[PDB]
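Chain letters run A, B, ... following the sequence lines, proteins first, then strands; residues in each count from 1. Only this structure's heavy atoms are used, side chains among them; waters, hydrogens and symmetry mates stay out.
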Amino acid sequence: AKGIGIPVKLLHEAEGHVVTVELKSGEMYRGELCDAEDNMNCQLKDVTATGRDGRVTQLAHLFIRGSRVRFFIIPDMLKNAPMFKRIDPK
Amino acid sequence: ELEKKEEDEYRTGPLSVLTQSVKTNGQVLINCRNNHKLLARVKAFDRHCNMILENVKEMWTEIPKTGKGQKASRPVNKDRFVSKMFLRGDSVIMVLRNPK
Amino acid sequence: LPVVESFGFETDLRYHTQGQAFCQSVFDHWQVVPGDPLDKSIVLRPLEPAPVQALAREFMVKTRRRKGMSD
Amino acid sequence: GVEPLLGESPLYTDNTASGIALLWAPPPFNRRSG
Amino acid sequence: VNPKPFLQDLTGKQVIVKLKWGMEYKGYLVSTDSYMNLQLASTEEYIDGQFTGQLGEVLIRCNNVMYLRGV
Amino acid sequence: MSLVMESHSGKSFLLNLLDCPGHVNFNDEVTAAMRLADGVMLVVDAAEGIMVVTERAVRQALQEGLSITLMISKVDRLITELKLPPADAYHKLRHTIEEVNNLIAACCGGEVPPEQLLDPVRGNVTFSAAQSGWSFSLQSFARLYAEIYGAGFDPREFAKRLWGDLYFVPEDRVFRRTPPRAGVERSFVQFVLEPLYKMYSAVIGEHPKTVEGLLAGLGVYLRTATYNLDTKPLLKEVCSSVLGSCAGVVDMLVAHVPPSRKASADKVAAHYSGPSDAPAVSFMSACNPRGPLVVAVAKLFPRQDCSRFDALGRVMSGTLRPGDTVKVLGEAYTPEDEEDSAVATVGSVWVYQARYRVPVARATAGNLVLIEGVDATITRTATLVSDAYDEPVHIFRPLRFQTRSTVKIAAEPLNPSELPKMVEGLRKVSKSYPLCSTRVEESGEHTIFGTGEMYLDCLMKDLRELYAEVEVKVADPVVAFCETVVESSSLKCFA
Amino acid sequence: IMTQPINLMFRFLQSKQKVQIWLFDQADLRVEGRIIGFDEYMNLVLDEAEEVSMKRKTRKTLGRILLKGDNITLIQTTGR
Amino acid sequence: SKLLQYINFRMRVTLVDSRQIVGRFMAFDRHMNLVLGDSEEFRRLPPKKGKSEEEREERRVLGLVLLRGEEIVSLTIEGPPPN
Amino acid sequence: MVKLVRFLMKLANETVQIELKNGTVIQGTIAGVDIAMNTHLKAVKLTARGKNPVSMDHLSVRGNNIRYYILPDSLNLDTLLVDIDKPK
Amino acid sequence: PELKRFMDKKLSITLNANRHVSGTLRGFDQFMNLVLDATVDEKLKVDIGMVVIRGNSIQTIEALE
């Protein structure tokens, strides 16, 4: 909406896909994001937890606080978002 | 109207010690977020506790790394001077006016 | 209004109303054709419509005559 | 203080009826321009 | 007791502001801002609870505060 | 047509809307689209309320287990033709959604299933004046209020309150179940409709400088070359400004319509007739794009030559590609007798955008699409299953219309020298008209079976020009007579 | 009963049961006390407060404190 | 911003924990959020004497990444826009 | 509108130094500072904690991880100090 | 917020300095304060009753179901 920057609407249109979440603590979280917040709080499902020691754990759902999160890994499929193409020089 | 209540928030509020320090040019020693202590005089400030500092000498205690197995070194007092500097208020832990 | 009797009905309904009305028709159900459909007691008119009492008769009659059957 | 989106404008005006009449007017009078 | 009543009733009282890092400053609560950074008058210092020196009147930022007590 | 539309979240959803005929005698088209899509948008026009085809498609909608969503269209006829005040407009809109909900109740059992009941507060009903270029839901309206007035609440709890017998008290900026004063209107009329009426008559009775000031009051700023257009164009532009992107539609259906992951499951469970213990029904029930491709080709569309028909159907299982081999399982297909199915190729698969076609290299499971090279064996509908599947295979049940081809006509080509293409025309007519029925008698003439006036009218038109080009004499129309009993025979008949 | 959190805080104040509050990144130090006041910034005016260092299990009496919300981790009831 | 001059231009990022991220620029938010195409993590392992600092910084390939400004400390250019 | 970022955004084309939150040192020219205190520098050299200096044609630094600025000794402060009370 | 989809469900809530409290949700705020029923400290093996956790005192939450 008016006021909102592009990459969070990127995050929103990433909905319904399987992505990865790195938080500032260093562990990795792979799962299907259900929906996310303006404040980057997000809910994934089918959760793979990769702990700081390589620990692999199975979590049904995850709600991740955004200001806890470092970055997101998102399919380049979705890097075809209309913002990406529209801004593009060609 | 925001500016006048801002002014009296500076004036009767706790940061007024620094406001005093602006007008009396008194020396203030500030405790930083990483414990490097900066003695200087405030030129101006904001609501962020960010500062324009003059005659700034920051001093700290550096403990150099020993070779593995040998005694922890003696901590060394190091100070560095700059004439004028900006200070960001998130680095500020403490401000101390000098009693003069 | 029976579907037989729907022939040109939307038109004439608009025509004697100058068109302020508009009607719709959907198939709704079946019900029984009045008269006696096998009847012979009424010998009927070509080119003229039969009354209520002779419909079921001549209706299956002309049905057969078209479909290739005797009366 | 969200109040009403348009609470400072009259719901109806004397000319409003005329505008409606213009809307339901034969071709030349439909339009404002031409 | 809302914290603003507590702060303004503690005004001028002997009060301790212990910090999140463990430092505790005990002194006179001169005044407080809208943002709960504190004026302290004739302030005493303690780290590891043992007294280390007096700083006189000092200003502490809100984000440096752990909690504060009336003496 | 599937359009990539925007949500309030900015997440673009791909919405497959299938624009249908609404004239009664074309209900055939309807069922196709309705067995295609798992959701339906019923556009009831604010002015005239409920009519025949609306609730008949509503029964179609509940029978096929669909997500039914109300779109009150043509709201401007409340303002401009009928001139009903904002309060009586609330009454009329409320009464129209109430009429839909009660004629839902009738066939759903006299009670309203709680996931099916349409009222705007949960965001199912959306208002529309498509012509004047605007539409909304209370969600979109509450959010709009939040945006123009500053980020001063959660639009959600606002839309929670704007509908009903809720009356805003200026006393304390809260909504009540009770009229705080004598004469105050509801929350809908005031907070929605009063602004709408003001918007409409600030356009339809007032100086374009008054419009430019009425909206320069608001954030929206036009181009001073939009305050020249006539009353309808200026009306559309002004409302589309302060009623913006239609988020009521996306943020309505993409909420109250499941995606393909869940839609295909019940779709086949109520729609597949073959054994659901087989892997194929489970490959559908996950809408797994990698499994044996099962497509439900329920419509076919003629082309620019009128020679062959592209096949519109839903790839609900697996991933198709242009250049496949498939067994297309026809109508009368039998697991014991595989007479009625043909092996065929796929030429090219598209996505259809109602004026043109986009070539799509792969057809995902859950995607309704256009297939090339299959029409030779399709009359009304079929299933698509790859030859790459060695499992027993069955079909999606044929369309069970609401309507019957109750009317019959005779057809005799003026020139018998062209009765082949005539029937080929008839044959190709049996290509595009689901309710078309061609029947040959002991009389030998081809009788054709349609709903009524317009359906047979346009089928006769397309027979005349689209497929055959042979002009044919049609006798007086006549309908089908059933044969019933009055009371039982008095003797037992033997043969 | 799906009750609001602020109503649980009303519970904590008026019931004046003694609670323990965890602090930010403070797994070593807890603060017990009886809640006698709070704001929407949820700085907690506490009675009879004593700070627990669990590793040696030493409890330091602080009395009536005003705890900064910015250090608040968890509001748990010190019930049996 | 002048980092509009910097979309499509390949860039390197430092995190607060001093981990390195190299990717190309797609979109930027006011909160210093960034969109990195073709991103890979270079994490500095401790320098074990006898080897170059340049030849064993652990590269992981992250793919397309988006960066929250709160832990974003420093950004530099890495190269031209790739072709 | 604070006084000091009001002062800092006029540091355009200032050849100054910067200390980071973790102890990195940066000497370079301020091409821009914005309302978030984020600075883009030109003609830069950045020297990490215990690290060799590396020069940068251009550099970006977040306003929040900035420890502080070292301003020129040649600074007409009282030039840039006027107008800070002026709202535009 | 999506915490609404969690109403009255047993949860595992991780907090600052590596702490886990597991309790059936009771309610939340815009500041993401959380009130829990029958919460258990997974470190010391203690069921700590009904609790409120602070917003920035919530690293993550998992749903065991």
Side-chain angles (χ1 to χ4, degrees), chain B residues 1-7 9-11 15 18-19 21-23 25 30-65 78-93 95, chain I residues 1-12 14-30 32-39 41 47 49-51 61-88:
Chain B
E1 290 243 339
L2 49 95
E3 202 95 74
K4 178 190 212 264
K5 196 211 48 147
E6 189 43 284
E7 224 262 316
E9 173 214 316
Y10 297 148
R11 266 271 201 291
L15 61 79
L18 288 70
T19 315
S21 297
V22 184
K23 313 157 136 194
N25 196 359
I30 64 137
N31 265 36
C32 254
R33 196 161 246 199
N34 197 186
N35 265 237
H36 314 317
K37 276 17 165 165
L38 297 91
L39 192 95
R41 58 207 88 269
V42 205
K43 312 219 68 58
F45 53 62
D46 58 19
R47 80 206 163 195
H48 292 309
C49 308
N50 309 3
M51 305 283 133
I52 308 176
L53 253 43
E54 189 79 42
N55 278 50
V56 201
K57 292 244 191 43
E58 31 99 7
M59 51 83 38
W60 70 100
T61 331
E62 62 291 346
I63 304 82
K65 212 222 185 152
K78 206 75 208 52
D79 185 292
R80 294 299 220 90
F81 173 79
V82 176
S83 320
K84 297 205 219 86
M85 269 188 26
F86 164 84
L87 277 304
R88 211 179 130 99
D90 44 51
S91 74
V92 187
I93 296 202
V95 189
Chain I
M1 291 147 138
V2 276
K3 306 227 155 273
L4 205 43
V5 203
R6 232 290 200 164
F7 174 72
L8 287 184
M9 300 163 62
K10 205 48 204 93
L11 302 195
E14 280 266 58
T15 68
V16 310
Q17 306 69 252
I18 306 96
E19 191 26 79
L20 216 66
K21 249 285 163 275
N22 59 37
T24 245
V25 167
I26 312 127
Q27 175 272 321
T29 308
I30 303 197
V33 182
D34 293 71
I35 57 186
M37 306 200 27
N38 335 327
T39 302
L41 234 57
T47 316
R49 170 94 249 131
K51 274 289 205 345
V61 55
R62 162 149 224 257
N64 119 282
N65 308 253
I66 279 150
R67 184 107 229 173
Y68 60 64
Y69 294 50
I70 304 164
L71 297 166
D73 65 83
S74 267
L75 207 24
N76 223 18
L77 274 202
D78 304 80
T79 276
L80 302 168
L81 276 153
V82 187
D83 298 352
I84 295 307
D85 256 298
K86 169 210 132 280
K88 174 257 142 169

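Rounded to the nearest 0.5 Å, atoms CZ (B:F86) and CD1 (I:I66) are 7.5 Å apart. Atom OH of I:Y68 sits about 8.0 Å away from atom NE2 of B:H36, to the nearest 0.5 Å. We find the CE-CG distance between I:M1 and B:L2 to be 10.0 Å, quoted to the nearest 0.5 Å.
Among the candidates I:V5, I:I18, I:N64, I:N22, the residue making the largest number of heavy-atom pairs closer than 4.5 Å to chain B is I:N64. Taking chain B as the reference chain and counting heavy-atom pairs below 4.5 Å, the highest number among I:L71, I:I70, I:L75 is found for I:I70. Contact count against chain B (heavy-atom pairs under 4.5 Å) is highest for I:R67 among I:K3, I:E19, I:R67.
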From CA spacing to verdict: side chain to side chain contact (heavy atoms under 4.5 Å, CB included), B:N50, I:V2: CA-CA 9 Å; B:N50 309 3; I:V2 276; over 6 Å; no
Steps toward side chain to side chain contact (heavy atoms under 4.5 Å, CB included) verdict (I:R6, B:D46): CA-CA 10 Å; I:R6 232 290 200 164; B:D46 58 19; over 6 Å; no
I:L81/B:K43 under side chain to side chain contact (heavy atoms under 4.5 Å, CB included): CA gap, chis, key distance, verdict: CA-CA 10 Å; I:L81 276 153; B:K43 312 219 68 58; 5.7 Å; no
Candidate pair I:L4 and B:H48, rule side chain to side chain contact (heavy atoms under 4.5 Å, CB included), full reasoning: CA-CA 9 Å; I:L4 205 43; B:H48 292 309; over 6 Å; no
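Contact annotation for B:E6: neither backbone nor side-chain heavy atoms come within less than 4.5 Å of a heavy atom of chain I. Of the two parts of I:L77, only the side chain, counted from C-beta on, holds a non-hydrogen atom closer than 4.5 Å to a non-hydrogen atom of chain B. With a 4.5 Å cut-off on non-hydrogen atoms, I:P87 does not touch chain B at all.
For B:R88 (side chain) and I:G63 (main-chain N/O), a donor-acceptor pair under 3.5 Å exists by modelled atom type.
Within 6.0 Å of NZ on I:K86 lie more than 12 heavy atoms contributed by other residues, nucleotides or ligands. The number of heavy atoms from other shown groups lying within 6.0 Å of CZ (B:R41) is above 12.
Across every non-hydrogen atom of I:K21 and B:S91, the tightest pair is NZ-CB, 3.2 Å.
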